[PDB]
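For reference, the chain that follows is the form deposited in one PDB entry, supplied as structure tokens.
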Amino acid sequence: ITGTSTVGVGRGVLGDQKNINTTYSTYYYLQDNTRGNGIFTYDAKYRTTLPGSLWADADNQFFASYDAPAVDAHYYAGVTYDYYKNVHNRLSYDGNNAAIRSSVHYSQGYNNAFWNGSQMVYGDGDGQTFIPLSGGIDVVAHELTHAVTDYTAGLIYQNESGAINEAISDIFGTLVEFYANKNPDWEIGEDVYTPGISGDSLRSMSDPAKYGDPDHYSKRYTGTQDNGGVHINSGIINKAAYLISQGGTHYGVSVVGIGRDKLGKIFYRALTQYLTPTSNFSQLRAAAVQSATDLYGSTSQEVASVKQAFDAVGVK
């Protein structure tokens, strides 16, 4: 990890070639010195001990199929870092250029990725439900957005707070996907979910109900599974964010879209200035309204659209 900065080349999960920032010191390591205090990618070697070994490669070429998840975790973490820096003027997830660490090849057949409070972790999937999860830029950015949330609002991962936490990760995962401008959509995980099946995804922001997730507060899940429905009730907020950006009429309520850039600015402000660990949906609405008010004025279209969107999904 002390060495010379260089640039290697490899192929990612989906077979695309990309340049990656590496560090040379006997081996070439997946250590990007160009961004903050660095982006580091580790090999968990099919175990669950973390972080594993800093990824070392003999020739700075990453075309082996074992390499692909590392390439994409390393690259997409850099893209995510760039999004936050360039769009929101935020230096890494803590605002002080904290090193970003990811481990790939976690466990065997593991159909998930997560932020664990210290680092990102990516399974390879079982090859049927998922292919390696770092192949999805929205997934990567979703996970690194959990780190942002943890250092800012600190939304507890349960019940309504947790659903907001999840939605924020989907929202910013999608915004990063649009920033990178590679096949962007309002779906989550499409690139890595069900390689056998075209056109599906893990979750939809444009139509959460496509996969049985609620799109109105009246349909919220009230039981105990999934920490009180954090991945289920996120759909209510996701739909609201989609409406703020894109517009539409939902349960008879019409929303004029204000676009993705303003969506991002409003929700970033809400997250960093107004939300707290125990914020519920009604407080999110208030925070988003206040944020839009701060940015655009109390009689703006932007404020009106935020109100309309939350009315559309039944959040007062």
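Residue numbers here begin at 1 and follow the sequence given.
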Average Cα temperature factor in the PDB entry - higher stretch of 287-295, 51-59: 287-295
Name the higher of the two by mean Cα B-factor in the PDB entry, 172-180 versus 205-213. 205-213
C-alpha B-factor winner, where the candidates are 162, 195, 235, 123: 195
Between 30, 44, 253, 270, which one tops the list for C-alpha B-factor in the PDB entry? 253
Third of chain Cα B-factors occupied by residue 166: lowest
In terms of the CA temperature factor given in the entry, to which third of its chain does residue 131 belong: lowest, middle or highest? middle
Lowest, middle or highest third of the chain for the C-alpha temperature factor of residue 114? lowest
Would you mind checking where the Cα B-factor of residue 80 ranks among the modelled residues of its chain, as the lowest, middle or highest third? lowest
If you rank the chain by CA B-factor, which third does residue 102 end up in: lowest, middle or highest? lowest
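What comes next is about the form deposited with a partner chain bound, which does not appear here.
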Which single stretch, out of 214-222, 86-94, 196-204, 178-186, brings residue heavy atoms within 4.5 Å of its partner chain in the entry with it bound? 196-204
Residue 231, heavy atom within 4.5 angstroms of its partner chain in the entry with it bound: yes
Contact label in the entry with it bound: residue 130 to its partner chain, heavy atom within 4.5 Å: yes
Evaluate residue 142 for contact with its partner chain in the entry with it bound, applying a 4.5 angstroms cut-off between non-hydrogen atoms, and reply yes or no. yes
Is there a non-hydrogen atom of residue 113 within 4.5 angstroms of a non-hydrogen atom of its partner chain in the entry with it bound? yes
